[PDB]
$ cat entry.cif   # mmCIF, C-alpha atoms
data_coords
loop_
_atom_site.label_atom_id
_atom_site.label_comp_id
_atom_site.auth_asym_id
_atom_site.auth_seq_id
_atom_site.Cartn_x
_atom_site.Cartn_y
_atom_site.Cartn_z
CA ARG G 92 77.15 77.20 84.05
CA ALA G 93 77.96 80.99 83.91
CA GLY G 94 74.70 82.79 83.19
CA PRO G 95 74.23 86.30 84.64
CA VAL G 96 70.98 85.50 86.52
CA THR G 97 72.57 82.36 87.99
CA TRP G 98 75.60 84.34 89.25
CA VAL G 99 73.68 87.48 90.37
CA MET G 100 71.48 85.30 92.58
CA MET G 101 74.46 83.40 93.99
CA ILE G 102 76.17 86.73 94.80
CA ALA G 103 73.00 88.20 96.39
CA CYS G 104 72.63 85.18 98.70
CA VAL G 105 76.30 85.42 99.65
CA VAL G 106 76.06 89.17 100.37
CA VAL G 107 72.95 88.50 102.55
CA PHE G 108 74.50 85.54 104.41
CA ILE G 109 77.63 87.62 105.11
CA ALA G 110 75.36 90.48 106.31
CA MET G 111 73.54 87.92 108.49
CA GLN G 112 76.95 86.97 109.95
CA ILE G 113 77.97 90.49 110.91
CA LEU G 114 74.53 91.63 112.13
CA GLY G 115 73.05 88.31 113.25
CA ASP G 116 70.08 86.39 111.81
CA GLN G 117 67.31 88.19 113.65
CA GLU G 118 68.28 91.69 112.46
CA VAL G 119 68.38 90.68 108.82
CA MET G 120 65.23 88.51 109.22
CA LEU G 121 63.37 91.55 110.61
CA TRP G 122 63.94 93.43 107.33
CA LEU G 123 63.98 90.55 104.71
CA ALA G 124 61.36 88.07 106.00
CA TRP G 125 57.82 87.78 104.67
CA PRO G 126 55.70 90.48 106.43
CA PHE G 127 54.71 89.24 109.93
CA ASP G 128 52.28 92.11 110.25
CA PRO G 129 49.73 93.27 107.60
CA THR G 130 50.82 96.83 108.33
CA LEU G 131 54.06 95.84 106.54
CA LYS G 132 52.27 94.43 103.53
CA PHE G 133 53.51 97.11 101.14
CA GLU G 134 57.15 96.51 101.96
CA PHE G 135 57.11 94.66 98.54
CA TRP G 136 60.65 93.32 98.69
CA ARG G 137 59.80 90.94 101.55
CA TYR G 138 57.68 88.72 99.21
CA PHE G 139 60.98 87.80 97.46
CA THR G 140 63.90 88.60 99.75
CA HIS G 141 63.01 85.75 102.15
CA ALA G 142 64.60 83.55 99.39
CA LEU G 143 68.01 85.24 99.84
CA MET G 144 68.35 84.42 103.53
CA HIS G 145 70.24 81.35 104.74
CA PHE G 146 70.70 80.17 108.28
CA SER G 147 73.89 78.08 107.97
CA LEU G 148 76.88 77.59 105.68
CA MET G 149 75.57 74.15 104.73
CA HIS G 150 72.10 75.60 103.99
CA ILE G 151 73.61 78.15 101.62
CA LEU G 152 76.16 75.87 99.91
CA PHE G 153 73.69 73.06 99.36
CA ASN G 154 71.06 75.50 97.95
CA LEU G 155 73.54 77.37 95.71
CA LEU G 156 74.85 74.08 94.30
CA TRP G 157 71.39 73.00 93.22
CA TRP G 158 70.72 76.59 92.11
CA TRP G 159 73.95 76.69 90.11
CA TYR G 160 73.39 73.20 88.65
CA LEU G 161 69.65 73.71 87.75
CA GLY G 162 69.45 77.50 87.49
CA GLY G 163 72.45 77.36 85.20
CA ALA G 164 70.76 74.69 82.98
CA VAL G 165 67.53 76.65 82.61
CA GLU G 166 69.49 79.84 81.99
CA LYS G 167 71.77 78.31 79.33
CA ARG G 168 69.04 76.49 77.33
CA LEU G 169 66.00 78.74 77.84
CA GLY G 170 67.61 82.02 78.74
CA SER G 171 67.75 84.58 81.48
CA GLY G 172 64.14 85.71 81.36
CA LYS G 173 62.81 82.20 81.94
CA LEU G 174 64.98 81.75 85.03
CA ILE G 175 63.97 85.16 86.41
CA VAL G 176 60.25 84.45 86.03
CA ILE G 177 60.49 80.92 87.53
CA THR G 178 62.49 82.46 90.42
CA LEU G 179 60.06 85.33 91.07
CA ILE G 180 56.85 83.23 90.79
CA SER G 181 58.25 80.41 92.93
CA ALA G 182 59.79 82.71 95.56
CA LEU G 183 56.42 84.49 95.79
CA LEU G 184 54.27 81.33 95.81
CA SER G 185 56.45 79.15 98.09
CA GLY G 186 56.72 81.91 100.70
CA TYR G 187 52.95 82.48 100.51
CA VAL G 188 52.19 78.82 101.15
CA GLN G 189 54.94 78.59 103.75
CA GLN G 190 53.60 81.61 105.58
CA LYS G 191 50.24 79.76 105.81
CA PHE G 192 51.79 76.52 107.01
CA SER G 193 54.00 77.93 109.72
CA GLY G 194 54.04 81.71 109.76
CA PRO G 195 56.54 84.26 108.42
CA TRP G 196 59.90 83.21 109.95
CA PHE G 197 61.59 81.23 107.22
CA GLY G 198 64.28 81.71 104.58
CA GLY G 199 66.30 79.93 101.95
CA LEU G 200 66.40 79.27 98.26
CA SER G 201 64.97 75.74 98.65
CA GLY G 202 61.56 76.74 97.43
CA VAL G 203 62.87 78.28 94.16
CA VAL G 204 65.12 75.16 94.02
CA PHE G 205 62.23 72.74 94.25
CA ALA G 206 60.47 74.69 91.54
CA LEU G 207 63.61 74.35 89.37
CA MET G 208 63.73 70.59 90.11
CA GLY G 209 60.02 70.28 89.24
CA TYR G 210 60.53 72.40 86.10
CA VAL G 211 63.73 70.73 84.76
CA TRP G 212 62.34 67.23 85.40
CA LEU G 213 58.90 67.78 83.79
CA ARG G 214 60.46 69.74 80.86
CA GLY G 215 62.87 66.83 80.33
CA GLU G 216 60.10 64.24 80.11
CA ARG G 217 57.51 66.07 78.03
CA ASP G 218 59.98 68.08 75.98
CA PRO G 219 63.41 66.35 75.74
CA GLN G 220 63.98 68.89 72.88
CA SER G 221 64.66 71.78 75.30
CA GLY G 222 68.10 70.25 76.07
CA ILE G 223 67.28 70.00 79.81
CA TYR G 224 66.30 67.04 81.98
CA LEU G 225 66.56 65.76 85.52
CA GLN G 226 68.40 62.52 86.22
CA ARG G 227 66.60 59.64 88.02
CA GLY G 228 69.15 59.79 90.85
CA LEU G 229 68.24 63.42 91.52
CA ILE G 230 64.42 63.28 91.43
CA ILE G 231 64.69 60.40 93.90
CA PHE G 232 66.88 62.44 96.22
CA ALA G 233 64.47 65.34 95.71
CA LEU G 234 61.59 63.10 96.86
CA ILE G 235 63.72 61.90 99.76
CA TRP G 236 64.61 65.53 100.59
CA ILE G 237 60.86 66.44 100.80
CA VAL G 238 59.69 63.45 102.89
CA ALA G 239 62.75 63.79 105.18
CA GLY G 240 61.38 67.30 105.83
CA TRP G 241 57.90 66.06 106.92
CA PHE G 242 59.18 63.61 109.06
CA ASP G 243 61.25 66.23 111.03
CA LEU G 244 64.50 64.30 110.33
CA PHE G 245 67.45 64.66 112.73
CA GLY G 246 66.20 67.90 114.31
CA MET G 247 65.79 69.85 111.08
CA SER G 248 63.25 72.61 110.79
CA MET G 249 62.39 72.51 107.17
CA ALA G 250 60.08 74.93 105.41
CA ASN G 251 57.67 72.19 104.19
CA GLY G 252 55.06 74.45 102.54
CA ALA G 253 57.85 76.10 100.57
CA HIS G 254 59.11 72.71 99.30
CA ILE G 255 55.72 71.50 98.03
CA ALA G 256 54.45 74.84 96.74
CA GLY G 257 57.74 75.36 94.85
CA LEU G 258 57.71 71.82 93.49
CA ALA G 259 54.16 72.41 92.30
CA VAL G 260 54.81 75.82 90.74
CA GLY G 261 57.68 74.33 88.72
CA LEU G 262 55.70 71.28 87.58
CA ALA G 263 52.90 73.64 86.52
CA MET G 264 55.09 76.13 84.55
CA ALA G 265 56.91 73.24 82.89
CA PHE G 266 53.54 71.77 81.89
CA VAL G 267 52.36 75.12 80.49
CA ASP G 268 55.77 75.54 78.77
CA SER G 269 55.50 72.06 77.20
CA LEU G 270 52.03 72.52 75.69
CA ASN G 271 53.40 75.55 73.80
CA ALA G 272 56.76 73.84 73.08
#
$ encode --input "entry.cif" --output "structure tokens"
Amino acid sequence: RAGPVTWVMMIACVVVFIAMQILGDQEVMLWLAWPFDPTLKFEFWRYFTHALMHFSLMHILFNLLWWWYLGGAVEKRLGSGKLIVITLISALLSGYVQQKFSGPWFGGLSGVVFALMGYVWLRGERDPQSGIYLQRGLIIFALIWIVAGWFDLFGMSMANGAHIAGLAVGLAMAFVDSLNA
């Protein structure tokens, strides 16, 4: 639904994607991507801003859907702060792992999205109380979406480290959040 973190992130991604359109991918990537060179390591924004970059209209719409659907849920039931922290930890950790798998040239919300999917699903099981859960039809498609990535399906160049690291971050935080709740 209409949380402020949900919408601010959707607007940021749209502003970036439009900027990518005018300037081209490479120019934006050069400034927003995970640091390719340790000399750049203190350009702190790059550890997060890789999440705001999308490389096609489908990429962005599909990600923002999931983001809106799941980000919205977390925001509405658990509040803004929870969504922010899931977003920041997952963007940081999925980029880190993804950098290791395949280097620094990647972008997309997909990693934060897999964290959300991992979070919503595990919170739903352990803690139906929270008023959030992931449907069986979605966690299956999520599992399909991951494996379809490994197996290089139909030409696609998926950030596979981001998918798994994000999934894992979200499972973990949801586990931690369920012991206390």
$ closest_residue --input "entry.cif" --among "G:131, G:235, G:107, G:207" --to "residue 144 in chain G" --atoms "all atoms listed in the file"
G:107
$ residues_near_point --input "entry.cif" --point "(60.1, 87.8, 105.9)" --cutoff "7 Å" --atoms "only C-alpha atoms" --output "MDAnalysis selection string"
chainID G and resid 120:127 137 141 195:197
$ resolve_selection --input "entry.cif" --expression "the PyMOL selection byres ((chain G and resi 269) around 10)" --output "MDAnalysis selection string"
chainID G and resid 213:219 221 263:268 270:272
$ resolve_selection --input "entry.cif" --expression "the PyMOL selection byres ((chain G and resi 242-249) around 12)" --output "PyMOL selection string"
chain G and resi 146-147+150+189+192-193+196-202+235-241+250-255
$ write_last_selection --input "entry.cif" --atoms "C-alpha atoms" --output "PDB file, in the frame of the given file"
ATOM      1  CA  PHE G 146      70.700  80.170 108.280  1.00  0.00           C
ATOM      2  CA  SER G 147      73.890  78.080 107.970  1.00  0.00           C
ATOM      3  CA  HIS G 150      72.100  75.600 103.990  1.00  0.00           C
ATOM      4  CA  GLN G 189      54.940  78.590 103.750  1.00  0.00           C
ATOM      5  CA  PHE G 192      51.790  76.520 107.010  1.00  0.00           C
ATOM      6  CA  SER G 193      54.000  77.930 109.720  1.00  0.00           C
ATOM      7  CA  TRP G 196      59.900  83.210 109.950  1.00  0.00           C
ATOM      8  CA  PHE G 197      61.590  81.230 107.220  1.00  0.00           C
ATOM      9  CA  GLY G 198      64.280  81.710 104.580  1.00  0.00           C
ATOM     10  CA  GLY G 199      66.300  79.930 101.950  1.00  0.00           C
ATOM     11  CA  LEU G 200      66.400  79.270  98.260  1.00  0.00           C
ATOM     12  CA  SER G 201      64.970  75.740  98.650  1.00  0.00           C
ATOM     13  CA  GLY G 202      61.560  76.740  97.430  1.00  0.00           C
ATOM     14  CA  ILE G 235      63.720  61.900  99.760  1.00  0.00           C
ATOM     15  CA  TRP G 236      64.610  65.530 100.590  1.00  0.00           C
ATOM     16  CA  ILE G 237      60.860  66.440 100.800  1.00  0.00           C
ATOM     17  CA  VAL G 238      59.690  63.450 102.890  1.00  0.00           C
ATOM     18  CA  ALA G 239      62.750  63.790 105.180  1.00  0.00           C
ATOM     19  CA  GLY G 240      61.380  67.300 105.830  1.00  0.00           C
ATOM     20  CA  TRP G 241      57.900  66.060 106.920  1.00  0.00           C
ATOM     21  CA  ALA G 250      60.080  74.930 105.410  1.00  0.00           C
ATOM     22  CA  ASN G 251      57.670  72.190 104.190  1.00  0.00           C
ATOM     23  CA  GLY G 252      55.060  74.450 102.540  1.00  0.00           C
ATOM     24  CA  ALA G 253      57.850  76.100 100.570  1.00  0.00           C
ATOM     25  CA  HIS G 254      59.110  72.710  99.300  1.00  0.00           C
ATOM     26  CA  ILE G 255      55.720  71.500  98.030  1.00  0.00           C
TER      27      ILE G 255
END
$ atom_distance --input "entry.cif" --atom1 "CA of residue 140 in chain G" --atom2 "CA of residue 98 in chain G"
16.3 Å
$ resolve_selection --input "entry.cif" --expression "the PyMOL selection byres ((chain G and resi 179) around 12)" --output "tab-separated table (two decimals) with C-alpha atoms, keeping the file's coordinate frame"
chain	number	residue	atom	x	y	z
G	96	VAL	CA	70.98	85.50	86.52
G	100	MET	CA	71.48	85.30	92.58
G	136	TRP	CA	60.65	93.32	98.69
G	137	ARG	CA	59.80	90.94	101.55
G	138	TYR	CA	57.68	88.72	99.21
G	139	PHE	CA	60.98	87.80	97.46
G	140	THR	CA	63.90	88.60	99.75
G	141	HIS	CA	63.01	85.75	102.15
G	142	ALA	CA	64.60	83.55	99.39
G	143	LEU	CA	68.01	85.24	99.84
G	172	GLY	CA	64.14	85.71	81.36
G	173	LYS	CA	62.81	82.20	81.94
G	174	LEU	CA	64.98	81.75	85.03
G	175	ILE	CA	63.97	85.16	86.41
G	176	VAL	CA	60.25	84.45	86.03
G	177	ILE	CA	60.49	80.92	87.53
G	178	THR	CA	62.49	82.46	90.42
G	180	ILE	CA	56.85	83.23	90.79
G	181	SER	CA	58.25	80.41	92.93
G	182	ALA	CA	59.79	82.71	95.56
G	183	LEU	CA	56.42	84.49	95.79
G	184	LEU	CA	54.27	81.33	95.81
G	185	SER	CA	56.45	79.15	98.09
G	186	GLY	CA	56.72	81.91	100.70
G	200	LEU	CA	66.40	79.27	98.26
G	202	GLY	CA	61.56	76.74	97.43
G	203	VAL	CA	62.87	78.28	94.16
G	204	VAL	CA	65.12	75.16	94.02
G	206	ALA	CA	60.47	74.69	91.54
G	207	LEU	CA	63.61	74.35	89.37
G	257	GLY	CA	57.74	75.36	94.85
G	260	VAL	CA	54.81	75.82	90.74
G	261	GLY	CA	57.68	74.33	88.72
$ residues_around --input "entry.cif" --residues "residue 233 in chain G" --least-positions-apart "5" --cutoff "9 Å" --atoms "all atoms listed in the file" --output "PyMOL selection string"
chain G and resi 205+208+228+238
$ atom_distance --input "entry.cif" --atom1 "CA of residue 97 in chain G" --atom2 "CA of residue 162 in chain G"
5.8 Å
$ atom_distance --input "entry.cif" --atom1 "CA of residue 108 in chain G" --atom2 "CA of residue 149 in chain G"
11.4 Å
$ build_atoms --input "entry.cif" --residues "range 94-125 of chain G" --atoms "N, CA and C atoms" --output "PDB file, in the coordinates of the input"
ATOM      1  N   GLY G  94      75.679  81.789  83.564  1.00  0.00           N
ATOM      2  CA  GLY G  94      74.700  82.790  83.190  1.00  0.00           C
ATOM      3  C   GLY G  94      74.758  83.945  84.184  1.00  0.00           C
ATOM      4  N   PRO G  95      74.284  85.126  83.762  1.00  0.00           N
ATOM      5  CA  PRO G  95      74.230  86.300  84.640  1.00  0.00           C
ATOM      6  C   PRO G  95      73.144  86.244  85.730  1.00  0.00           C
ATOM      7  N   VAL G  96      71.999  85.617  85.472  1.00  0.00           N
ATOM      8  CA  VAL G  96      70.980  85.500  86.520  1.00  0.00           C
ATOM      9  C   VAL G  96      71.434  84.499  87.578  1.00  0.00           C
ATOM     10  N   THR G  97      71.959  83.369  87.124  1.00  0.00           N
ATOM     11  CA  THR G  97      72.570  82.360  87.990  1.00  0.00           C
ATOM     12  C   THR G  97      73.579  82.961  88.980  1.00  0.00           C
ATOM     13  N   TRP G  98      74.542  83.730  88.439  1.00  0.00           N
ATOM     14  CA  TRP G  98      75.600  84.340  89.250  1.00  0.00           C
ATOM     15  C   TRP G  98      75.147  85.512  90.122  1.00  0.00           C
ATOM     16  N   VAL G  99      74.236  86.345  89.602  1.00  0.00           N
ATOM     17  CA  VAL G  99      73.680  87.480  90.370  1.00  0.00           C
ATOM     18  C   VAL G  99      72.940  86.984  91.603  1.00  0.00           C
ATOM     19  N   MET G 100      72.189  85.904  91.459  1.00  0.00           N
ATOM     20  CA  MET G 100      71.480  85.300  92.580  1.00  0.00           C
ATOM     21  C   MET G 100      72.433  84.641  93.578  1.00  0.00           C
ATOM     22  N   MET G 101      73.452  83.965  93.101  1.00  0.00           N
ATOM     23  CA  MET G 101      74.460  83.400  93.990  1.00  0.00           C
ATOM     24  C   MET G 101      75.203  84.486  94.772  1.00  0.00           C
ATOM     25  N   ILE G 102      75.478  85.620  94.130  1.00  0.00           N
ATOM     26  CA  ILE G 102      76.170  86.730  94.800  1.00  0.00           C
ATOM     27  C   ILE G 102      75.271  87.391  95.816  1.00  0.00           C
ATOM     28  N   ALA G 103      73.985  87.572  95.474  1.00  0.00           N
ATOM     29  CA  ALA G 103      73.000  88.200  96.390  1.00  0.00           C
ATOM     30  C   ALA G 103      72.860  87.409  97.698  1.00  0.00           C
ATOM     31  N   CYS G 104      72.746  86.088  97.572  1.00  0.00           N
ATOM     32  CA  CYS G 104      72.630  85.180  98.700  1.00  0.00           C
ATOM     33  C   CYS G 104      73.844  85.230  99.571  1.00  0.00           C
ATOM     34  N   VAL G 105      75.017  85.325  98.941  1.00  0.00           N
ATOM     35  CA  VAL G 105      76.300  85.420  99.650  1.00  0.00           C
ATOM     36  C   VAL G 105      76.408  86.750 100.386  1.00  0.00           C
ATOM     37  N   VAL G 106      76.088  87.858  99.719  1.00  0.00           N
ATOM     38  CA  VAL G 106      76.060  89.170 100.370  1.00  0.00           C
ATOM     39  C   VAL G 106      75.103  89.168 101.584  1.00  0.00           C
ATOM     40  N   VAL G 107      73.915  88.572 101.433  1.00  0.00           N
ATOM     41  CA  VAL G 107      72.950  88.500 102.550  1.00  0.00           C
ATOM     42  C   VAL G 107      73.467  87.654 103.729  1.00  0.00           C
ATOM     43  N   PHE G 108      73.944  86.459 103.418  1.00  0.00           N
ATOM     44  CA  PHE G 108      74.500  85.540 104.410  1.00  0.00           C
ATOM     45  C   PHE G 108      75.684  86.180 105.173  1.00  0.00           C
ATOM     46  N   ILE G 109      76.533  86.918 104.467  1.00  0.00           N
ATOM     47  CA  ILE G 109      77.630  87.620 105.110  1.00  0.00           C
ATOM     48  C   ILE G 109      77.074  88.740 106.024  1.00  0.00           C
ATOM     49  N   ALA G 110      76.113  89.508 105.508  1.00  0.00           N
ATOM     50  CA  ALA G 110      75.360  90.480 106.310  1.00  0.00           C
ATOM     51  C   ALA G 110      74.685  89.830 107.528  1.00  0.00           C
ATOM     52  N   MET G 111      74.116  88.646 107.358  1.00  0.00           N
ATOM     53  CA  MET G 111      73.540  87.920 108.490  1.00  0.00           C
ATOM     54  C   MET G 111      74.605  87.592 109.527  1.00  0.00           C
ATOM     55  N   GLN G 112      75.818  87.319 109.067  1.00  0.00           N
ATOM     56  CA  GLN G 112      76.950  86.970 109.950  1.00  0.00           C
ATOM     57  C   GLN G 112      77.378  88.152 110.819  1.00  0.00           C
ATOM     58  N   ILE G 113      77.549  89.314 110.200  1.00  0.00           N
ATOM     59  CA  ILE G 113      77.970  90.490 110.910  1.00  0.00           C
ATOM     60  C   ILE G 113      76.882  90.958 111.875  1.00  0.00           C
ATOM     61  N   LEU G 114      75.664  91.082 111.369  1.00  0.00           N
ATOM     62  CA  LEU G 114      74.530  91.630 112.130  1.00  0.00           C
ATOM     63  C   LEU G 114      73.787  90.598 112.959  1.00  0.00           C
ATOM     64  N   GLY G 115      73.946  89.311 112.652  1.00  0.00           N
ATOM     65  CA  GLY G 115      73.050  88.310 113.250  1.00  0.00           C
ATOM     66  C   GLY G 115      71.771  88.067 112.453  1.00  0.00           C
ATOM     67  N   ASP G 116      71.265  86.839 112.540  1.00  0.00           N
ATOM     68  CA  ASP G 116      70.080  86.390 111.810  1.00  0.00           C
ATOM     69  C   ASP G 116      68.836  87.258 112.019  1.00  0.00           C
ATOM     70  N   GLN G 117      68.493  87.458 113.277  1.00  0.00           N
ATOM     71  CA  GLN G 117      67.310  88.190 113.650  1.00  0.00           C
ATOM     72  C   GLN G 117      67.226  89.573 113.008  1.00  0.00           C
ATOM     73  N   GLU G 118      68.333  90.318 112.975  1.00  0.00           N
ATOM     74  CA  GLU G 118      68.280  91.690 112.460  1.00  0.00           C
ATOM     75  C   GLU G 118      67.981  91.723 110.978  1.00  0.00           C
ATOM     76  N   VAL G 119      68.592  90.781 110.256  1.00  0.00           N
ATOM     77  CA  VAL G 119      68.380  90.680 108.820  1.00  0.00           C
ATOM     78  C   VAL G 119      66.994  90.142 108.611  1.00  0.00           C
ATOM     79  N   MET G 120      66.625  89.060 109.306  1.00  0.00           N
ATOM     80  CA  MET G 120      65.230  88.510 109.220  1.00  0.00           C
ATOM     81  C   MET G 120      64.142  89.570 109.400  1.00  0.00           C
ATOM     82  N   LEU G 121      64.317  90.471 110.367  1.00  0.00           N
ATOM     83  CA  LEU G 121      63.370  91.550 110.610  1.00  0.00           C
ATOM     84  C   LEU G 121      63.069  92.441 109.401  1.00  0.00           C
ATOM     85  N   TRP G 122      64.057  92.608 108.527  1.00  0.00           N
ATOM     86  CA  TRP G 122      63.940  93.430 107.330  1.00  0.00           C
ATOM     87  C   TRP G 122      63.677  92.656 106.002  1.00  0.00           C
ATOM     88  N   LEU G 123      64.080  91.373 105.931  1.00  0.00           N
ATOM     89  CA  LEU G 123      63.980  90.550 104.710  1.00  0.00           C
ATOM     90  C   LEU G 123      62.863  89.490 104.711  1.00  0.00           C
ATOM     91  N   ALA G 124      62.413  89.098 105.890  1.00  0.00           N
ATOM     92  CA  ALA G 124      61.360  88.070 106.000  1.00  0.00           C
ATOM     93  C   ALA G 124      60.016  88.542 105.484  1.00  0.00           C
ATOM     94  N   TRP G 125      59.246  87.605 104.941  1.00  0.00           N
ATOM     95  CA  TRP G 125      57.820  87.780 104.670  1.00  0.00           C
ATOM     96  C   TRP G 125      57.131  88.625 105.793  1.00  0.00           C
TER      97      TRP G 125
END
